[PDB]
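K.L.:
One structure follows; several queries about it will come next.
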Amino acid sequence: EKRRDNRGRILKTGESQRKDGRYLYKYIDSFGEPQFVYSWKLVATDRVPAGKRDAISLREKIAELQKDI
DNA sequence: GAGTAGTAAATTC
DNA sequence: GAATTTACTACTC
């Protein structure tokens, strides 16, 4: 009934979590084909499993798509 | 449009 | 020195 994270936090539509537990944000772009955006942190404050690469939380990537990239 | 599973390729501590 | 991540589609509701 609702998309939950790998713990107990509620994710917003469009967002979810791959199979590795990382966050994923799929969205139909103006091209006519879904777009994959990867991220381990839902916000730029959490952390990331050791061995994983660093990146701005999906909320920061998304903010670029909604603002003006 | 929303999300999943599987993969092809390249990269990293 | 080995193990891991990314990208798109295909199918589904």
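So you can find residues: chains in the structure tokens are A, B, ... in the order shown, residues in each start at 1, and ligands are numbered from 1 in order.
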Find the residues around residue 5 in chain B up to 12 Å (only C-alpha atoms (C1' of nucleotides) counted), leave out those fewer than 4 positions away in its own chain, and share them as a list in words.
P.N.:
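After dropping sequence-adjacent residues, the list is residues 18, 19 and 20 of chain A; 9, 10, 11 and 12 of chain C.
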K.L.:
Go ahead and save the picked residues with C-alpha atoms (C1' of nucleotides), as an mmCIF file, in the first residue's frame.
P.N.:
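What follows is the written file out_34.cif:
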```
data_model
loop_
_atom_site.group_PDB
_atom_site.id
_atom_site.type_symbol
_atom_site.label_atom_id
_atom_site.label_comp_id
_atom_site.auth_asym_id
_atom_site.auth_seq_id
_atom_site.Cartn_x
_atom_site.Cartn_y
_atom_site.Cartn_z
ATOM 1 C CA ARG A 18 16.671 -1.550 -5.789
ATOM 2 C CA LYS A 19 17.524 -5.107 -4.658
ATOM 3 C CA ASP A 20 20.819 -4.065 -3.032
ATOM 4 C "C1'" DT C 9 14.929 -2.610 -21.438
ATOM 5 C "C1'" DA C 10 10.899 -5.933 -20.789
ATOM 6 C "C1'" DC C 11 6.974 -6.870 -18.392
ATOM 7 C "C1'" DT C 12 3.522 -5.541 -15.178
#
```
K.L.:
Kindly determine which residues of chain B lie within 12 Å of chain A, considering only C-alpha atoms (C1' of nucleotides), and give the answer as an mmCIF file with N, CA and C atoms (P, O5', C5', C4', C3', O3' and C1' of nucleotides), in the first residue's frame.
P.N.:
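result_10.cif, written as the output of this step:
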```
data_model
loop_
_atom_site.group_PDB
_atom_site.id
_atom_site.type_symbol
_atom_site.label_atom_id
_atom_site.label_comp_id
_atom_site.auth_asym_id
_atom_site.auth_seq_id
_atom_site.Cartn_x
_atom_site.Cartn_y
_atom_site.Cartn_z
ATOM 1 O "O5'" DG B 1 5.161 9.496 -17.406
ATOM 2 C "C5'" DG B 1 5.065 10.017 -16.079
ATOM 3 C "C4'" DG B 1 4.050 9.211 -15.232
ATOM 4 C "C3'" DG B 1 4.697 8.278 -14.186
ATOM 5 O "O3'" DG B 1 4.395 8.713 -12.859
ATOM 6 C "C1'" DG B 1 3.020 7.101 -15.498
ATOM 7 P P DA B 2 5.344 8.289 -11.628
ATOM 8 O "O5'" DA B 2 4.931 6.752 -11.370
ATOM 9 C "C5'" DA B 2 4.011 6.409 -10.328
ATOM 10 C "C4'" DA B 2 4.358 5.064 -9.677
ATOM 11 C "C3'" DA B 2 5.850 4.953 -9.330
ATOM 12 O "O3'" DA B 2 6.011 4.620 -7.946
ATOM 13 C "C1'" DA B 2 5.187 3.182 -10.865
ATOM 14 P P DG B 3 7.464 4.292 -7.326
ATOM 15 O "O5'" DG B 3 7.670 2.745 -7.716
ATOM 16 C "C5'" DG B 3 6.679 1.766 -7.389
ATOM 17 C "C4'" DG B 3 7.185 0.348 -7.676
ATOM 18 C "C3'" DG B 3 8.703 0.227 -7.476
ATOM 19 O "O3'" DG B 3 8.994 -0.712 -6.431
ATOM 20 C "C1'" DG B 3 8.044 -0.599 -9.674
ATOM 21 P P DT B 4 10.499 -1.216 -6.146
ATOM 22 O "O5'" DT B 4 10.554 -2.596 -6.976
ATOM 23 C "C5'" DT B 4 9.365 -3.374 -7.152
ATOM 24 C "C4'" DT B 4 9.620 -4.627 -8.001
ATOM 25 C "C3'" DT B 4 11.056 -5.147 -7.856
ATOM 26 O "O3'" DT B 4 11.068 -6.425 -7.214
ATOM 27 C "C1'" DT B 4 10.469 -4.855 -10.209
ATOM 28 P P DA B 5 12.453 -7.219 -6.999
ATOM 29 O "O5'" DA B 5 12.767 -7.784 -8.474
ATOM 30 C "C5'" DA B 5 12.139 -8.983 -8.938
ATOM 31 C "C4'" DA B 5 12.797 -9.512 -10.215
ATOM 32 C "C3'" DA B 5 14.295 -9.796 -10.024
ATOM 33 O "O3'" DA B 5 14.570 -11.180 -10.290
ATOM 34 C "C1'" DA B 5 13.931 -8.263 -11.888
ATOM 35 P P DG B 6 16.077 -11.751 -10.311
ATOM 36 O "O5'" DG B 6 16.614 -11.265 -11.752
ATOM 37 C "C5'" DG B 6 16.001 -11.745 -12.952
ATOM 38 C "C4'" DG B 6 16.825 -11.396 -14.199
ATOM 39 C "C3'" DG B 6 18.336 -11.421 -13.924
ATOM 40 O "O3'" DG B 6 18.969 -12.482 -14.642
ATOM 41 C "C1'" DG B 6 17.671 -9.312 -14.965
ATOM 42 P P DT B 11 36.104 2.556 -17.038
ATOM 43 O "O5'" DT B 11 35.793 2.352 -15.466
ATOM 44 C "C5'" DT B 11 34.645 2.965 -14.869
ATOM 45 C "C4'" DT B 11 34.537 2.662 -13.366
ATOM 46 C "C3'" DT B 11 35.866 2.872 -12.626
ATOM 47 O "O3'" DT B 11 35.764 3.965 -11.707
ATOM 48 C "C1'" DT B 11 34.880 0.715 -12.063
ATOM 49 P P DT B 12 37.001 4.355 -10.752
ATOM 50 O "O5'" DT B 12 36.791 3.385 -9.484
ATOM 51 C "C5'" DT B 12 35.574 3.423 -8.732
ATOM 52 C "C4'" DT B 12 35.707 2.672 -7.401
ATOM 53 C "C3'" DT B 12 37.005 3.029 -6.663
ATOM 54 O "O3'" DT B 12 36.721 3.706 -5.436
ATOM 55 C "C1'" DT B 12 36.826 0.612 -6.992
ATOM 56 P P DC B 13 37.906 4.399 -4.597
ATOM 57 O "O5'" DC B 13 38.104 3.386 -3.362
ATOM 58 C "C5'" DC B 13 37.028 3.138 -2.453
ATOM 59 C "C4'" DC B 13 37.123 1.739 -1.832
ATOM 60 C "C3'" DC B 13 38.105 1.685 -0.654
ATOM 61 O "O3'" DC B 13 37.406 1.526 0.582
ATOM 62 C "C1'" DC B 13 38.597 -0.069 -2.286
#
```
K.L.:
Just checking: using only C-alpha atoms (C1' of nucleotides), which residue out of A:37, A:48, A:56, A:43 ends up closest to chain C?
P.N.:
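Looking only at the distances to chain C, the closest residue turns out to be A:37.
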K.L.:
Please identify all polymer residues within 8 Å of residue 57 in chain A, counting only C-alpha atoms (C1' of nucleotides), omitting same-chain residues fewer than 2 positions from it, and present them as a ChimeraX atom specification.
P.N.:
/A:39-44,55,59-61
K.L.:
Distance limit 8 Å, atoms considered: only C-alpha atoms (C1' of nucleotides). Which chain C residues sit that close to chain A? Return them as a PDB file with C-alpha atoms (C1' of nucleotides), in the first residue's frame.
P.N.:
```
ATOM      1  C1'  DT C   4      30.941  -4.413  -6.725  1.00  0.00           C
ATOM      2  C1'  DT C   5      28.064  -0.490  -9.202  1.00  0.00           C
ATOM      3  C1'  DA C   7      22.219   1.843 -17.376  1.00  0.00           C
TER       4       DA C   7
END
```
K.L.:
Where does DSSP see helix (DSSP H, G or I) in chain A, if you list the residues as JSON, numbers by chain?
P.N.:
{"A": [58, 59, 60, 61, 62, 63, 64, 65, 66]}
K.L.:
If you run DSSP over the backbone, which residues in chain A end up strand (DSSP E or B)? Put them as a ChimeraX atom specification.
P.N.:
/A:4,10,15-17,23-28,34-39
K.L.:
Just give me the gap between CA of residue 49 in chain A and CA of residue 6 in chain A in Å, one decimal is fine.
P.N.:
13.0 Å
K.L.:
Please, what distance in Å, to one decimal, runs between CA of residue 64 in chain A and CA of residue 11 in chain A?
P.N.:
18.6 Å
K.L.:
Quick one: pull the distance between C1' of residue 9 in chain B and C1' of residue 8 in chain C, Å, one decimal.
P.N.:
12.0 Å
